[PDB]
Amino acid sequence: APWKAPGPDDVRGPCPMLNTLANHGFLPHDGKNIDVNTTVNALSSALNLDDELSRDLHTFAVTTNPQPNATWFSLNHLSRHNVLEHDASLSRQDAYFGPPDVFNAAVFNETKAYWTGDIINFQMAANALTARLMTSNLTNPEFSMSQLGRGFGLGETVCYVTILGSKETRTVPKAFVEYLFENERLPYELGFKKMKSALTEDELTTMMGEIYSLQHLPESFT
């Protein structure tokens, strides 16, 4: 598949998947001026997400554009700390410790430890998210996790399992996920093909609850 790394005047953000889609040219390769038609059609073409889900993700995205009531966004808008970006990411530093947009191999090394099989299931995904939340809470004196941010993390975890893998079996090959994060390239060469049955909002919300139910966080946690 066509793919090109970002250059000096291209922008990227904290989302491994949107970065990947820009690298492949499903989104503008420069990462800029992403309109709602582009978002819906890109997420459909690359990943077979349902339009409603894609449109709602776009609606979230444009809240990071500093222009009031904007209808578009750019990938670097997404990076601003504690808007959509949050602490306890799986592959990025907390803003307190470093720029929270770029891939960090040490953070990802922690996450990967909890993927203790060739196939990632929801318990493993829940464990990784729990670990990262506890690590941030213990080490970051500016740690914050709002109700919204907690929901964002649940959605992000459901997304890498079920959009790279199977919403039906709630599993994904570990290699697919490592490839996406480490390369910001879709794992086509490992055999990845987009899902046949489009992921809906209702399916995503249901599965977010499932991940939540498998986590083992302190009762006082958000």
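We number the residues from 1 along the sequence you see.
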field: Stretch with the greater mean C-alpha B-factor as recorded in the entry, comparing 117-125 against 81-89
entry: 117-125
- request: Can you let me know which of the two, 152-160 or 184-192, has the higher average C-alpha B-factor in the entry?
  value: 184-192
- prompt: From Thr64, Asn33, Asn69, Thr39, pick the one with the largest CA B-factor in the entry?
  reply: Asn69
- prompt: Sorting the chain's CA B-factors, does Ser136 end up in the lowest, middle or highest third?
  reply: lowest
- prompt: In terms of the chain's CA B-factor thirds, is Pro14 lowest, middle or highest?
  reply: lowest
query: Of the three thirds of its chain by CA temperature factor, lowest, middle or highest, which one includes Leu214?
result: highest
- prompt: Which third of the chain holds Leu21 when residues are ordered by C-alpha B factor: lowest, middle or highest?
  reply: lowest
